[PDB]
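Shown next: structure03.pdb, given as PDB, N, CA, C and O atoms.
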```
ATOM      1  N   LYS V  21     -36.246 -53.383  -5.970
ATOM      2  CA  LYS V  21     -36.788 -52.046  -6.371
ATOM      3  C   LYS V  21     -36.778 -52.020  -7.889
ATOM      4  O   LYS V  21     -37.590 -51.405  -8.539
ATOM      5  N   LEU V  22     -35.843 -52.718  -8.418
ATOM      6  CA  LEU V  22     -35.652 -52.838  -9.880
ATOM      7  C   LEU V  22     -36.982 -53.053 -10.625
ATOM      8  O   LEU V  22     -37.371 -52.248 -11.447
ATOM      9  N   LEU V  23     -37.668 -54.138 -10.373
ATOM     10  CA  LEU V  23     -38.943 -54.397 -11.099
ATOM     11  C   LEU V  23     -40.044 -53.688 -10.349
ATOM     12  O   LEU V  23     -40.945 -53.102 -10.913
ATOM     13  N   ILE V  24     -39.938 -53.727  -9.068
ATOM     14  CA  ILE V  24     -40.924 -53.051  -8.210
ATOM     15  C   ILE V  24     -40.960 -51.585  -8.651
ATOM     16  O   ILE V  24     -41.913 -50.869  -8.414
ATOM     17  N   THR V  25     -39.917 -51.151  -9.317
ATOM     18  CA  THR V  25     -39.863 -49.746  -9.815
ATOM     19  C   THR V  25     -40.323 -49.718 -11.274
ATOM     20  O   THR V  25     -40.933 -48.768 -11.722
ATOM     21  N   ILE V  26     -40.042 -50.754 -12.024
ATOM     22  CA  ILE V  26     -40.477 -50.773 -13.454
ATOM     23  C   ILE V  26     -41.922 -51.199 -13.520
ATOM     24  O   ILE V  26     -42.724 -50.686 -14.274
ATOM     25  N   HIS V  27     -42.231 -52.158 -12.736
ATOM     26  CA  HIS V  27     -43.600 -52.702 -12.702
ATOM     27  C   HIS V  27     -44.549 -51.680 -12.065
ATOM     28  O   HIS V  27     -45.755 -51.813 -12.144
ATOM     29  N   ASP V  28     -44.014 -50.657 -11.439
ATOM     30  CA  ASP V  28     -44.880 -49.615 -10.797
ATOM     31  C   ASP V  28     -44.800 -48.311 -11.592
ATOM     32  O   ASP V  28     -45.801 -47.667 -11.831
ATOM     33  N   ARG V  29     -43.624 -47.901 -11.999
ATOM     34  CA  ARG V  29     -43.526 -46.625 -12.763
ATOM     35  C   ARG V  29     -44.549 -46.644 -13.896
ATOM     36  O   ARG V  29     -44.869 -45.630 -14.473
ATOM     37  N   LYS V  30     -45.073 -47.797 -14.209
ATOM     38  CA  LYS V  30     -46.088 -47.883 -15.296
ATOM     39  C   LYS V  30     -47.146 -46.810 -15.047
ATOM     40  O   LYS V  30     -47.465 -46.021 -15.914
ATOM     41  N   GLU V  31     -47.667 -46.759 -13.854
ATOM     42  CA  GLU V  31     -48.678 -45.720 -13.529
ATOM     43  C   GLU V  31     -48.061 -44.355 -13.815
ATOM     44  O   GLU V  31     -48.613 -43.549 -14.539
ATOM     45  N   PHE V  32     -46.904 -44.096 -13.265
ATOM     46  CA  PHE V  32     -46.238 -42.797 -13.521
ATOM     47  C   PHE V  32     -46.074 -42.657 -15.025
ATOM     48  O   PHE V  32     -46.521 -41.707 -15.636
ATOM     49  N   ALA V  33     -45.459 -43.622 -15.617
ATOM     50  CA  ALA V  33     -45.274 -43.597 -17.091
ATOM     51  C   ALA V  33     -46.639 -43.369 -17.740
ATOM     52  O   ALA V  33     -46.742 -42.844 -18.826
ATOM     53  N   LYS V  34     -47.694 -43.752 -17.070
ATOM     54  CA  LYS V  34     -49.057 -43.540 -17.638
ATOM     55  C   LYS V  34     -49.524 -42.126 -17.275
ATOM     56  O   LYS V  34     -49.785 -41.311 -18.137
ATOM     57  N   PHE V  35     -49.624 -41.826 -16.007
ATOM     58  CA  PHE V  35     -50.070 -40.459 -15.605
ATOM     59  C   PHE V  35     -49.196 -39.424 -16.298
ATOM     60  O   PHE V  35     -49.493 -38.247 -16.311
ATOM     61  N   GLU V  36     -48.128 -39.854 -16.886
ATOM     62  CA  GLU V  36     -47.241 -38.901 -17.592
ATOM     63  C   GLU V  36     -48.072 -38.069 -18.571
ATOM     64  O   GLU V  36     -47.962 -36.867 -18.654
ATOM     65  N   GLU V  37     -48.899 -38.717 -19.308
ATOM     66  CA  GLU V  37     -49.749 -38.001 -20.301
ATOM     67  C   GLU V  37     -50.381 -36.756 -19.666
ATOM     68  O   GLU V  37     -50.655 -35.782 -20.340
ATOM     69  N   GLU V  38     -50.639 -36.780 -18.385
ATOM     70  CA  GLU V  38     -51.275 -35.619 -17.727
ATOM     71  C   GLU V  38     -50.225 -34.570 -17.315
ATOM     72  O   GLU V  38     -50.275 -33.431 -17.735
ATOM     73  N   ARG V  39     -49.301 -34.947 -16.469
ATOM     74  CA  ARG V  39     -48.251 -33.992 -15.972
ATOM     75  C   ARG V  39     -46.870 -34.368 -16.485
ATOM     76  O   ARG V  39     -45.911 -33.867 -15.968
ATOM     77  N   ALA V  40     -46.760 -35.249 -17.452
ATOM     78  CA  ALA V  40     -45.416 -35.694 -18.045
ATOM     79  C   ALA V  40     -44.301 -34.622 -17.936
ATOM     80  O   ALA V  40     -43.287 -34.682 -18.597
ATOM     81  N   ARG V  41     -44.514 -33.667 -17.129
ATOM     82  CA  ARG V  41     -43.599 -32.564 -16.871
ATOM     83  C   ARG V  41     -42.726 -32.950 -15.676
ATOM     84  O   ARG V  41     -41.687 -32.383 -15.428
ATOM     85  N   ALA V  42     -43.196 -33.903 -14.912
ATOM     86  CA  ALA V  42     -42.470 -34.332 -13.679
ATOM     87  C   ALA V  42     -41.129 -34.946 -14.014
ATOM     88  O   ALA V  42     -40.408 -35.423 -13.161
ATOM     89  N   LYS V  43     -40.809 -34.931 -15.251
ATOM     90  CA  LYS V  43     -39.519 -35.505 -15.732
ATOM     91  C   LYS V  43     -38.630 -34.397 -16.221
ATOM     92  O   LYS V  43     -37.422 -34.523 -16.255
ATOM     93  N   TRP V  44     -39.210 -33.303 -16.570
ATOM     94  CA  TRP V  44     -38.387 -32.150 -17.030
ATOM     95  C   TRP V  44     -39.041 -30.860 -16.567
ATOM     96  O   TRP V  44     -38.890 -29.825 -17.180
ATOM     97  N   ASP V  45     -39.803 -30.937 -15.513
ATOM     98  CA  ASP V  45     -40.539 -29.735 -15.020
ATOM     99  C   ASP V  45     -41.276 -30.057 -13.735
ATOM    100  O   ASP V  45     -40.874 -29.659 -12.665
ATOM    101  N   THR V  46     -42.354 -30.740 -13.853
ATOM    102  CA  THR V  46     -43.181 -31.092 -12.669
ATOM    103  C   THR V  46     -44.006 -29.905 -12.287
ATOM    104  O   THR V  46     -45.149 -30.038 -11.944
ATOM    105  N   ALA V  47     -43.423 -28.754 -12.302
ATOM    106  CA  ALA V  47     -44.189 -27.529 -11.896
ATOM    107  C   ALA V  47     -44.441 -26.557 -13.041
ATOM    108  O   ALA V  47     -45.424 -25.851 -13.013
ATOM    109  N   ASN V  48     -43.551 -26.484 -14.000
ATOM    110  CA  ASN V  48     -43.699 -25.496 -15.151
ATOM    111  C   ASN V  48     -45.054 -24.771 -15.157
ATOM    112  O   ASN V  48     -45.333 -23.931 -14.326
ATOM    113  N   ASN V  49     -45.882 -25.094 -16.106
ATOM    114  CA  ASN V  49     -47.216 -24.450 -16.205
ATOM    115  C   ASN V  49     -48.121 -25.026 -15.099
ATOM    116  O   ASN V  49     -47.946 -26.166 -14.722
ATOM    117  N   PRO V  50     -49.066 -24.248 -14.602
ATOM    118  CA  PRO V  50     -49.961 -24.741 -13.547
ATOM    119  C   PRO V  50     -50.640 -26.015 -13.998
ATOM    120  O   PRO V  50     -51.249 -26.724 -13.226
ATOM    121  N   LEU V  51     -50.472 -26.325 -15.232
ATOM    122  CA  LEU V  51     -51.012 -27.577 -15.803
ATOM    123  C   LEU V  51     -50.759 -28.710 -14.824
ATOM    124  O   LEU V  51     -51.611 -29.487 -14.442
ATOM    125  N   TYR V  52     -49.536 -28.745 -14.451
ATOM    126  CA  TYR V  52     -48.997 -29.730 -13.509
ATOM    127  C   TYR V  52     -49.897 -29.700 -12.286
ATOM    128  O   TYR V  52     -50.213 -30.704 -11.677
ATOM    129  N   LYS V  53     -50.323 -28.517 -11.960
ATOM    130  CA  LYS V  53     -51.231 -28.321 -10.811
ATOM    131  C   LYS V  53     -52.644 -28.596 -11.301
ATOM    132  O   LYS V  53     -53.540 -28.882 -10.530
ATOM    133  N   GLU V  54     -52.850 -28.521 -12.587
ATOM    134  CA  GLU V  54     -54.231 -28.795 -13.114
ATOM    135  C   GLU V  54     -54.433 -30.294 -13.216
ATOM    136  O   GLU V  54     -55.515 -30.808 -13.008
ATOM    137  N   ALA V  55     -53.397 -30.996 -13.527
ATOM    138  CA  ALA V  55     -53.513 -32.476 -13.639
ATOM    139  C   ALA V  55     -54.109 -33.014 -12.341
ATOM    140  O   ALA V  55     -54.875 -33.959 -12.340
ATOM    141  N   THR V  56     -53.781 -32.403 -11.235
ATOM    142  CA  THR V  56     -54.341 -32.856  -9.941
ATOM    143  C   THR V  56     -55.743 -32.277  -9.813
ATOM    144  O   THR V  56     -56.648 -32.889  -9.281
ATOM    145  N   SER V  57     -55.918 -31.105 -10.325
ATOM    146  CA  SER V  57     -57.251 -30.455 -10.277
ATOM    147  C   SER V  57     -58.218 -31.314 -11.083
ATOM    148  O   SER V  57     -59.416 -31.264 -10.900
ATOM    149  N   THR V  58     -57.692 -32.117 -11.970
ATOM    150  CA  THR V  58     -58.556 -32.998 -12.790
ATOM    151  C   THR V  58     -59.502 -33.740 -11.854
ATOM    152  O   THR V  58     -60.518 -34.274 -12.255
ATOM    153  N   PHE V  59     -59.158 -33.766 -10.597
ATOM    154  CA  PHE V  59     -60.002 -34.456  -9.588
ATOM    155  C   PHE V  59     -61.138 -33.544  -9.177
ATOM    156  O   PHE V  59     -62.293 -33.915  -9.134
ATOM    157  N   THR V  60     -60.782 -32.350  -8.869
ATOM    158  CA  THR V  60     -61.781 -31.335  -8.436
ATOM    159  C   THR V  60     -62.441 -30.725  -9.676
ATOM    160  O   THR V  60     -63.533 -30.199  -9.625
ATOM    161  N   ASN V  61     -61.775 -30.802 -10.780
ATOM    162  CA  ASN V  61     -62.335 -30.239 -12.041
ATOM    163  C   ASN V  61     -63.684 -30.890 -12.336
ATOM    164  O   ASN V  61     -64.396 -30.496 -13.238
ATOM    165  N   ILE V  62     -64.029 -31.892 -11.580
ATOM    166  CA  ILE V  62     -65.328 -32.607 -11.788
ATOM    167  C   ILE V  62     -66.306 -32.125 -10.726
ATOM    168  O   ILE V  62     -67.505 -32.306 -10.824
ATOM    169  N   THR V  63     -65.780 -31.504  -9.712
ATOM    170  CA  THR V  63     -66.622 -30.970  -8.599
ATOM    171  C   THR V  63     -66.534 -29.448  -8.632
ATOM    172  O   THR V  63     -67.326 -28.744  -8.039
ATOM    173  N   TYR V  64     -65.565 -28.947  -9.332
ATOM    174  CA  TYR V  64     -65.394 -27.468  -9.427
ATOM    175  C   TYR V  64     -66.711 -26.821  -9.863
ATOM    176  O   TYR V  64     -66.845 -25.614  -9.879
ATOM    177  N   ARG V  65     -67.676 -27.613 -10.225
ATOM    178  CA  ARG V  65     -68.978 -27.043 -10.668
ATOM    179  C   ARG V  65     -69.628 -26.296  -9.503
ATOM    180  O   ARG V  65     -70.714 -25.765  -9.616
ATOM    181  N   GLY V  66     -68.964 -26.256  -8.386
ATOM    182  CA  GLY V  66     -69.529 -25.547  -7.202
ATOM    183  C   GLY V  66     -70.982 -25.978  -6.988
ATOM    184  O   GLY V  66     -71.716 -25.362  -6.244
ATOM    185  N   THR V  67     -71.396 -27.038  -7.631
ATOM    186  CA  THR V  67     -72.786 -27.518  -7.469
ATOM    187  C   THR V  67     -72.927 -28.893  -8.131
ATOM    188  O   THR V  67     -72.593 -29.003  -9.299
TER     189      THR V  67
END
```
Before anything else, please render the file you have as structure tokens.
Amino acid sequence: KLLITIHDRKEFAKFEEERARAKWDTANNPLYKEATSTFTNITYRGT
């Protein structure tokens, strides 16, 4: 798990830039919820 955790947390360590709150918040501002919306934020155009 040691490297499997370091060699993988890279993504987390990367996605951190978006919700980097998951280390001292995760939920704080809806941002954390917006980081996921970043997916729908491209379809949120309702069209």
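Reported to one decimal place, the separation of atom N of residue V:63 from atom O of residue V:49 is 19.3 Å.
If you count only N, CA, C and O atoms and ignore residues fewer than 3 places along the chain from residue V:39, what sits within 6 Å of it is residues 35, 36, 42, 43, 46, 51, 52 and 55 of chain V.
With atom N of residue V:67 on one side and atom CA of residue V:40 on the other, the separation reads 29.3 Å.
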key: Atom pair atom O of residue V:53 / atom CA of residue V:38: separation (Å)   = 10.1 Å
request  = Enumerate the residues of chain V with a DSSP assignment of helix (DSSP H, G or I), computed from the backbone, and present them as a list in words.
outcome  =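 So the helix (DSSP H, G or I) residues in chain V would be residues 22, 23, 24, 25, 26, 27, 28, 29, 30, 31, 32, 33, 34, 35, 36, 37, 38, 39, 51, 52, 53, 54, 55, 56, 57, 58, 59 and 60 of chain V.
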Give, as AutoDock Vina command-line options, the centre coordinates and the x, y and z edge lengths in Å to one decimal for an axis-aligned box around all listed atoms of stretch 31-41 of chain V, padded by 5 Å on each side.
```
--center_x -46.5 --center_y -39.6 --center_z -16.8 --size_x 19.6 --size_y 24.4 --size_z 17.1
```
Take stretch 30-65 of chain V from the preceding structure and save N, CA and C atoms as an mmCIF file, in the first residue's frame.
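After the write, decode_16.cif holds the following:
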```cif
data_model
loop_
_atom_site.group_PDB
_atom_site.id
_atom_site.type_symbol
_atom_site.label_atom_id
_atom_site.label_comp_id
_atom_site.auth_asym_id
_atom_site.auth_seq_id
_atom_site.Cartn_x
_atom_site.Cartn_y
_atom_site.Cartn_z
ATOM 1 N N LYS V 30 -0.862 10.462 -6.159
ATOM 2 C CA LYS V 30 -0.447 11.500 -7.144
ATOM 3 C C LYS V 30 -1.707 12.147 -7.714
ATOM 4 N N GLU V 31 -2.633 11.347 -8.162
ATOM 5 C CA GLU V 31 -3.900 11.905 -8.700
ATOM 6 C C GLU V 31 -4.533 12.771 -7.616
ATOM 7 N N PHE V 32 -4.702 12.226 -6.440
ATOM 8 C CA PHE V 32 -5.291 13.020 -5.335
ATOM 9 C C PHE V 32 -4.425 14.255 -5.150
ATOM 10 N N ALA V 33 -3.169 14.037 -4.953
ATOM 11 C CA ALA V 33 -2.231 15.179 -4.792
ATOM 12 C C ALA V 33 -2.421 16.125 -5.976
ATOM 13 N N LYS V 34 -2.874 15.610 -7.089
ATOM 14 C CA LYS V 34 -3.101 16.483 -8.278
ATOM 15 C C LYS V 34 -4.497 17.104 -8.170
ATOM 16 N N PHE V 35 -5.522 16.292 -8.133
ATOM 17 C CA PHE V 35 -6.902 16.850 -8.023
ATOM 18 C C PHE V 35 -6.966 17.795 -6.831
ATOM 19 N N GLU V 36 -5.966 17.779 -6.013
ATOM 20 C CA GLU V 36 -5.958 18.683 -4.840
ATOM 21 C C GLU V 36 -6.223 20.115 -5.307
ATOM 22 N N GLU V 37 -5.555 20.515 -6.327
ATOM 23 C CA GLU V 37 -5.732 21.896 -6.855
ATOM 24 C C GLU V 37 -7.222 22.242 -6.960
ATOM 25 N N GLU V 38 -8.066 21.271 -7.193
ATOM 26 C CA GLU V 38 -9.511 21.551 -7.334
ATOM 27 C C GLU V 38 -10.206 21.589 -5.959
ATOM 28 N N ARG V 39 -10.164 20.499 -5.236
ATOM 29 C CA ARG V 39 -10.841 20.416 -3.897
ATOM 30 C C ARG V 39 -9.830 20.302 -2.768
ATOM 31 N N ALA V 40 -8.563 20.542 -3.011
ATOM 32 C CA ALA V 40 -7.463 20.460 -1.943
ATOM 33 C C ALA V 40 -7.971 20.737 -0.504
ATOM 34 N N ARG V 41 -9.226 20.687 -0.330
ATOM 35 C CA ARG V 41 -9.908 20.908 0.938
ATOM 36 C C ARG V 41 -10.087 19.548 1.615
ATOM 37 N N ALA V 42 -10.002 18.505 0.829
ATOM 38 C CA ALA V 42 -10.219 17.124 1.354
ATOM 39 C C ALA V 42 -9.154 16.742 2.359
ATOM 40 N N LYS V 43 -8.312 17.659 2.644
ATOM 41 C CA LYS V 43 -7.203 17.428 3.615
ATOM 42 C C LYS V 43 -7.441 18.248 4.851
ATOM 43 N N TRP V 44 -8.205 19.276 4.724
ATOM 44 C CA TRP V 44 -8.514 20.113 5.917
ATOM 45 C C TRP V 44 -9.939 20.625 5.805
ATOM 46 N N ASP V 45 -10.760 19.915 5.084
ATOM 47 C CA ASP V 45 -12.164 20.372 4.864
ATOM 48 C C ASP V 45 -12.940 19.335 4.076
ATOM 49 N N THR V 46 -12.700 19.279 2.819
ATOM 50 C CA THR V 46 -13.420 18.324 1.935
ATOM 51 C C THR V 46 -14.772 18.880 1.625
ATOM 52 N N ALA V 47 -15.425 19.417 2.601
ATOM 53 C CA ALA V 47 -16.802 19.963 2.361
ATOM 54 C C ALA V 47 -16.891 21.478 2.481
ATOM 55 N N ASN V 48 -16.086 22.082 3.320
ATOM 56 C CA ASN V 48 -16.149 23.587 3.543
ATOM 57 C C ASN V 48 -17.091 24.305 2.563
ATOM 58 N N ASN V 49 -16.531 25.057 1.662
ATOM 59 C CA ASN V 49 -17.350 25.798 0.670
ATOM 60 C C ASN V 49 -17.882 24.796 -0.372
ATOM 61 N N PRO V 50 -19.044 25.054 -0.946
ATOM 62 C CA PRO V 50 -19.603 24.136 -1.948
ATOM 63 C C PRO V 50 -18.605 23.920 -3.063
ATOM 64 N N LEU V 51 -17.574 24.683 -3.041
ATOM 65 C CA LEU V 51 -16.477 24.543 -4.022
ATOM 66 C C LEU V 51 -16.169 23.067 -4.204
ATOM 67 N N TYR V 52 -15.997 22.481 -3.081
ATOM 68 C CA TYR V 52 -15.686 21.055 -2.943
ATOM 69 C C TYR V 52 -16.731 20.302 -3.749
ATOM 70 N N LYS V 53 -17.925 20.812 -3.692
ATOM 71 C CA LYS V 53 -19.048 20.215 -4.443
ATOM 72 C C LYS V 53 -18.982 20.760 -5.861
ATOM 73 N N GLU V 54 -18.315 21.867 -6.040
ATOM 74 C CA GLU V 54 -18.216 22.435 -7.428
ATOM 75 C C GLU V 54 -17.122 21.708 -8.184
ATOM 76 N N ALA V 55 -16.101 21.325 -7.495
ATOM 77 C CA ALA V 55 -14.988 20.598 -8.164
ATOM 78 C C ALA V 55 -15.570 19.396 -8.903
ATOM 79 N N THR V 56 -16.590 18.795 -8.354
ATOM 80 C CA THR V 56 -17.222 17.637 -9.027
ATOM 81 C C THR V 56 -18.153 18.176 -10.104
ATOM 82 N N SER V 57 -18.750 19.286 -9.828
ATOM 83 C CA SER V 57 -19.663 19.914 -10.816
ATOM 84 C C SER V 57 -18.841 20.278 -12.046
ATOM 85 N N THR V 58 -17.551 20.407 -11.874
ATOM 86 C CA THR V 58 -16.673 20.747 -13.017
ATOM 87 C C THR V 58 -16.993 19.793 -14.163
ATOM 88 N N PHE V 59 -17.636 18.706 -13.838
ATOM 89 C CA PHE V 59 -18.006 17.702 -14.868
ATOM 90 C C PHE V 59 -19.273 18.148 -15.568
ATOM 91 N N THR V 60 -20.222 18.504 -14.783
ATOM 92 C CA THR V 60 -21.535 18.961 -15.319
ATOM 93 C C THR V 60 -21.426 20.435 -15.714
ATOM 94 N N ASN V 61 -20.492 21.118 -15.141
ATOM 95 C CA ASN V 61 -20.305 22.562 -15.461
ATOM 96 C C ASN V 61 -20.063 22.724 -16.960
ATOM 97 N N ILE V 62 -19.899 21.632 -17.649
ATOM 98 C CA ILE V 62 -19.649 21.678 -19.125
ATOM 99 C C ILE V 62 -20.949 21.328 -19.834
ATOM 100 N N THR V 63 -21.860 20.762 -19.099
ATOM 101 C CA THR V 63 -23.187 20.371 -19.663
ATOM 102 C C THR V 63 -24.252 21.243 -19.005
ATOM 103 N N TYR V 64 -23.893 21.868 -17.928
ATOM 104 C CA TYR V 64 -24.863 22.746 -17.211
ATOM 105 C C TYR V 64 -25.473 23.751 -18.190
ATOM 106 N N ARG V 65 -24.970 23.802 -19.388
ATOM 107 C CA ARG V 65 -25.516 24.766 -20.383
ATOM 108 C C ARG V 65 -26.972 24.412 -20.687
#
```
